[PDB]
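Both backbone and side-chain heavy atoms feed into the values below; hydrogens, waters and symmetry mates do not. We count residues from 1, following the sequence as given.
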Amino acid sequence: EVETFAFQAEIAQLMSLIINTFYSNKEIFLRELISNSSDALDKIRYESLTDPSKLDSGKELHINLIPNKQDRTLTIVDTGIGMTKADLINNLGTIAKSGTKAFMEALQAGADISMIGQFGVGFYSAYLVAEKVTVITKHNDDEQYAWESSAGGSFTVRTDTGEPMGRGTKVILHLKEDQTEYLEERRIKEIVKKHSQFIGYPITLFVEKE
Ligand SMILES: COC(=O)c1c(O)cc(O)c(C(=O)OC)c1CCc1nccn1Cc1ccccc1
Ligand SMILES: [Mg+2]
Ligand SMILES: [Mg+2]
Ligand SMILES: [Mg+2]
Ligand SMILES: [Mg+2]
Ligand SMILES: [Mg+2]
Ligand SMILES: [Mg+2]
């Protein structure tokens, strides 16, 4: 069973802006996704402060970056708090309608696209580099779900029967054919060093067989 939903008009507007605006500094997508992962890790950490059994689904708090040149995907995995089905439907746990408005008002007032994260909607910068994004997520006491969108005004949610994750979120970026530099080890390392060098969780960049 696959359910199909329409994006709210403001989010669809945001996504078509991101897809169609000429903007060369595309690398900021990775900073925004790692920062979102860090926020999700903070939240399961905080909750474990009073209920340590919330770490029963996995005690290790980390971020993995997995390039796959064969599939042309870059995947960002975290063991953060994850998302419920309701979270996914509510724009992946974001206040995206008010955030998009405040991002718009700021764009009109002398901001550039790189500030997107200050308005809570940094996730959508993924569409600077990805033609399709798949989000696999597992929250404690809910099932594992897969969210997906190639923009165009709609997204899908299904129960995920793939590899069970213990807890957390996997963002799978299906890269545009001209954006494969983000699969290169030295390029990913350069971006992480430039924009994410002080994140408070281990970031492991996986390598690939030649
Ligand atoms: C829309 O962002 C994400 O796609 C995203 C991510 O890339 C990595 C993640 O691990 C998570 C996650 O599962 O957060 C539970 C999300 C979705 C939630 C989210 N939306 C904006 C920021 N966040 C992270 C967050 C913020 C406040 C409290 C907890 C977590
Ligand atoms: Mg963030
Ligand atoms: Mg874990
Ligand atoms: Mg792989
Ligand atoms: Mg809102
Ligand atoms: Mg289903
Ligand atoms: Mg590494």
* Is a salt bridge present between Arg187 and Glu27, judged by a nitrogen-to-oxygen distance below 4.0 Å? -> yes
* **Passing option when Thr169 is tested against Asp78, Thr137, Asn36 for side-chain hydrogen bond (donor to acceptor under 3.5 Å, both in side chains)** => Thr137
* Do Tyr201 and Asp42 come close enough that some side-chain heavy atom pair is under 4.5 Å? -> yes
* Asked: Relative to each other, are the rings of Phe123 and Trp147 parallel, tilted or perpendicular (30° and 60° limits)?
  -> perpendicular
* Answer yes or no: is there a side-chain heavy-atom contact under 4.5 Å between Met83 and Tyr145? => no
* Give the cluster check for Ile203 versus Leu183: same hydrophobic cluster or not, with ILVMFWY residues linked at side-chain heavy-atom distances below 4.5 Å. => yes
* Using a strict 4.0 Å threshold on nitrogen-to-oxygen distance, state whether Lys69 and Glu184 make a salt bridge. => yes
* Side chains of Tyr23 and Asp112: closer than 4.5 Å at any heavy-atom pair? -> yes
* To do: Decide yes or no on ring pair (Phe, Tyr, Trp, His ring centres under 6.0 Å) for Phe29 and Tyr182, but give the supporting numbers first.
  => CA-CA 10 Å; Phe29 82 91; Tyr182 300 110; 5.2 Å; yes
* Full working for side-chain contact (heavy atoms from CB on, under 4.5 Å) between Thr204 and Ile63 -> CA-CA 6 Å; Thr204 304; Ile63 303 167; over 6 Å; no
* Measure the shortest side-chain to side-chain distance between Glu185 and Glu190 over non-hydrogen atoms and say whether it is less than 4.5 angstrom. => no
* Asked: Are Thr73 and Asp71 close enough that a side-chain donor and a side-chain acceptor fall under 3.5 Å?
  -> no
* Any side-chain heavy atom of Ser154 within less than 4.5 Å of one from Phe5? -> no
* Could you tell me whether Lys43 and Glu47 make a salt bridge, using a distance below 4.0 angstrom between a side-chain N and a carboxylate O? => no
* Between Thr84 and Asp87, do the side chains contain an N or O donor and an N or O acceptor separated by less than 3.5 Å? -> yes
* Non-hydrogen side-chain atoms of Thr134 and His174 separated by less than 4.5 Å -> yes
* Between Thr75 and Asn68, is any pair of side-chain heavy atoms under 4.5 Å apart? -> no
* Do NZ/NE/NH1/NH2 and the carboxylate oxygens of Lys85 and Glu3 come within less than 4.0 Å? -> yes
